[PDB]
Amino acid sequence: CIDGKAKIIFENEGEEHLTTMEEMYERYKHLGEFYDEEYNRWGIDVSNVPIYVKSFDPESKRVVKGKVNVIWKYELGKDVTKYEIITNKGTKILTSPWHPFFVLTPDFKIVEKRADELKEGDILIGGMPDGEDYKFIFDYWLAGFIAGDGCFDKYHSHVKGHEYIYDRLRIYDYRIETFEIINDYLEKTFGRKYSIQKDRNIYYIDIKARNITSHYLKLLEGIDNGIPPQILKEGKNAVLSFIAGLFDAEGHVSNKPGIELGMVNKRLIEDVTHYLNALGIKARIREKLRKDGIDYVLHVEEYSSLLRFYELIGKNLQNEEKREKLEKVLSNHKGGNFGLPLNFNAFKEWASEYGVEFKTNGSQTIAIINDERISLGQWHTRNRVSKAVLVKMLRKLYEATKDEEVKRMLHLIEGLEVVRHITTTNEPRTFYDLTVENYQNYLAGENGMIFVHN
């Protein structure tokens, strides 16, 4: 069982939701909750209600859809010490002493260890990519772009015989190219196009067509409390297209390298951050002290995550200037130095099955794949290797073999997180848990997503 503030993503009839554990319980309470007198816990049978979460299958080592049968609510007191676990990524997990986590050992074996057995430096199995295909939908991109550079208001004609009040949508951008793409879409989708206006360095279109304004007003309804439900309920393709539009509008690519997306809409930024993490992209939020307030900035700096960000969102960016910069900072990456404690000989055994040859140059390790030489840092001598270096080698190994087992290893590595801090407490805490059929674990967490076991 874990703290009620942990975020979780789940679906019904293909309809996805993103809420905290508390809210998930509150949402199905009407179905009637029963009290388990023996275990002093409250439950709710949702076995008949199709509820699915993201589950990890230790066997095939991939992410699968897990069936939830019961949602539990617990009241833990001072008789039990709670364990707070924080990873390098900032991911937070407050749980019970016996609650087990999936741990990757140096020998590349997955084992379960309870929260009280964990120690700084342990490798936890966290949110990871599913490798599936994703489709770009322009309609949702435009909704995301409007969310960032659009403005809705009321236009009063005030003309005699035509005194009506219409909804007006004005979209702004510093590039005229953006509007040529939008007009092309608007013309074919709504049979309407707009002359591109200019007002001192800034371009914009003024839209008053009832069918277009209402179409987008309805898609963005609820943006104040997070990702709009109309979008979110539609799944990955809609949400990802939406984020891309959001990034095109306000996203920034730095030379760290990395990407940043800041807005004053805390709830929206939080939701996007948790949604990206659930897809294997290690994003985090940072607060930027501003003039009259605070800006919530989503950050992605992990090389492997940036690369993944590029494949799911980056390549679909409409602003060719940001897209190109991202590709450049990516093809020129120095290297994330944080080394994962993994044994080289164990990896060597596994990789030999593919014909991978290994050479050494002093303390440096080198892998040979298709005549190409790839540096693996000082792996064979330190039994430590950086996620970035290992991700680069595995992408090469997959490109040369097209073998699903390799792809699976790659995704596993991309999702890894490392325990940085572990604290305790005995304060009033109401925890929740989910009984997942077969897999017995689901994806959830605060400022990150990690696979928690039943």
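Just count from 1 along the sequence shown to find any residue number.
In this entry, the higher average B-factor at the C-alpha atoms falls on 331-339, of the pair 204-212 and 331-339. Of the two segments examined, 412-420 and 41-49, it is 41-49 that shows the higher average Cα temperature factor in the deposited entry. Within the group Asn69, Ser386, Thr425, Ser55, the record's highest C-alpha temperature factor is found at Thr425. For the set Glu117, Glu221, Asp184, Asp153, the PDB entry assigns the largest Cα B-factor to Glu117. Among the modelled residues of its chain, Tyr354 has a C-alpha B-factor that falls in the middle third according to the deposited record. Compared with the other modelled residues of the chain, the Cα B-factor recorded for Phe101 ranks in the middle third. Looking at the C-alpha B-factors along this chain, the one for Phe344 belongs to the lowest third. Among the modelled residues of its chain, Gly90 has a C-alpha B-factor that falls in the middle third according to the deposited record. For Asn370, the recorded CA temperature factor ranks within the highest third of the chain's modelled residues.
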